[PDB]
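Below is the structure I would like to discuss, written out as structure tokens.
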Amino acid sequence: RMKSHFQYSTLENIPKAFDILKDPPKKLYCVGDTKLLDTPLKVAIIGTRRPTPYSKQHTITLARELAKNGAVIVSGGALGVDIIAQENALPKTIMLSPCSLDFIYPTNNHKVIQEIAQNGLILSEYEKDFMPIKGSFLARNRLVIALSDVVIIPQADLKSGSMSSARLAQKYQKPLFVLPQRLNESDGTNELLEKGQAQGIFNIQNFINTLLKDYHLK
């Protein structure tokens, strides 16, 4: 277990976005810039722990360009898509931690997570001495989806964390987007397209510009 040695406090108010939850957190612990919560466009970017170079390249562009234009990238700091997006969105990014803020998880991402604590924002539902179990990740995911205006899943397999979060975006009526992927690659996101549960990002520039326009950043 890795201690963060973060100094952390609590949010004054629970963000109104969490009202759509059945059991919204009544306290949220925080480290970093809470002003990131008062922005017009929050974009969740989540997905596989193992992205292809293709998926990575486009995750980077989305995160970097959206952040450049005042969008805030929301994720869970996981290996793969999450931590790629958040590093490339700094400092405009918010991590929802699956552990309490006195701990780092995952340890491999400690460098970027420390960067997020310093320049972005990390929130946790858990006060102290709390390491994630399976149920913790799932609860954390609801926070990521509820807080975000729109959700992007660049790449995912069927039966993956990203897929339960995709059904949450559907549940919480958040617009869901995926990268185009070849057949028999990224079966999760291709099944989302197939069932019409997600829309494809068939041109990255248009998606970004359209997105920034609808939320009036540009």
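Determine, for segment 158-218, the count of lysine pairs separated by eight or more sequence positions (or lying on different chains) whose alpha-carbon distance falls under 23 Å.
Numbers: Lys159/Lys171; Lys159/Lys174; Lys159/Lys195; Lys171/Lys195; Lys174/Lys195; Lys174/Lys213; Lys174/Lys218.
Eligible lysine pairs with Cα atoms under 23 Å apart amount to 7.
For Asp23, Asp82, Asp102, which order do you get if you count the other beta carbons within 10 Å of each Cβ and list the fewest first? The partial results should precede the final answer.
Values: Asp23 8, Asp82 29, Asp102 20.
With the sparsest Cβ surroundings first, the list reads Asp23, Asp102, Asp82.
Each residue of segment 44-49 in order: what ³J(HN,Hα) in whole Hz does its phi give by Karplus 6.51 cos²θ - 1.76 cosθ + 1.60, θ = phi - 60°, with x for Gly and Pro?
6, 10, 9, x, 4, 6
How would you rank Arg182, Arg140, going from fewest to most other Cβ atoms within 10 Å of each one's own Cβ? Let's see the in-between values first.
Details: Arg182 8, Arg140 24.
Fewest-to-most Cβ neighbours within 10 Å comes out as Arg182, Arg140.
About the Cα centre, and with charges only on the beta carbon of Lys, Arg (+1) and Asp, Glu (-1), how big is the dipole of the chain? Nearest 20 debye, please.
Details: 27 positive and 20 negative charges, 22 e Å.
So the dipole magnitude of the chain works out to roughly 100 debye.
Then there is this: Across segment 69-76, in residue order, what do the Karplus-derived ³J(HN,Hα) couplings come to in whole Hz, using 6.51 cos²θ - 1.76 cosθ + 1.60 with θ = phi - 60° and x for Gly and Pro?
3J(HN,Hα) across segment 69-76, in whole Hz: 9, x, 6, 10, 8, 10, 7, x.
Further question: Per residue of segment 31-39, in order, report the coupling 6.51 cos²θ - 1.76 cosθ + 1.60 (Karplus, θ = phi - 60°) as ³J(HN,Hα) in whole Hz, putting x for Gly and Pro.
Whole-Hz 3J(HN,Hα) from phi for segment 31-39: 9, x, 8, 6, 5, 4, 6, 9, 10.
OK, next. So for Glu127, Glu65, fewest C-beta neighbours within 10 Å to most, what's the order?
Values: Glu127 13, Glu65 19.
Ascending Cβ contact count within 10 Å gives the list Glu127, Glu65.
Pick from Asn119, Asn184, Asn109: which is most flexible by mean-square fluctuation in a GNM of the chain where alpha carbon atoms under 10 Å apart are linked?
Per the Cα network of the chain with a 10 Å cutoff, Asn184 tops the list.
Among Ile145, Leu179, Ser164, pick out the residue whose Cα is farthest towards the positive end of the charge dipole of segment 139-218, where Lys and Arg carry +1 and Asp and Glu carry -1 on C-beta, about the Cα centre.
It is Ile145, whose Cα lies furthest towards the positive end.
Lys and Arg at +1, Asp and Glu at -1: add these up for the other residues within a Cβ distance under 13 Å of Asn190 and post the number. Could you put the intermediate results ahead of the total?
Details: positive: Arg182, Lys195; negative: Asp157, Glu185, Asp187, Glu191, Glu194.
Within the 13 Å Cβ shell, the charges total -3.
None of the figures in this text is laboratory data; all of them are computed from the coordinates on show. Cβ sites come from the backbone with ideal geometry, for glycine too, and all protein chains shown count toward neighbours.
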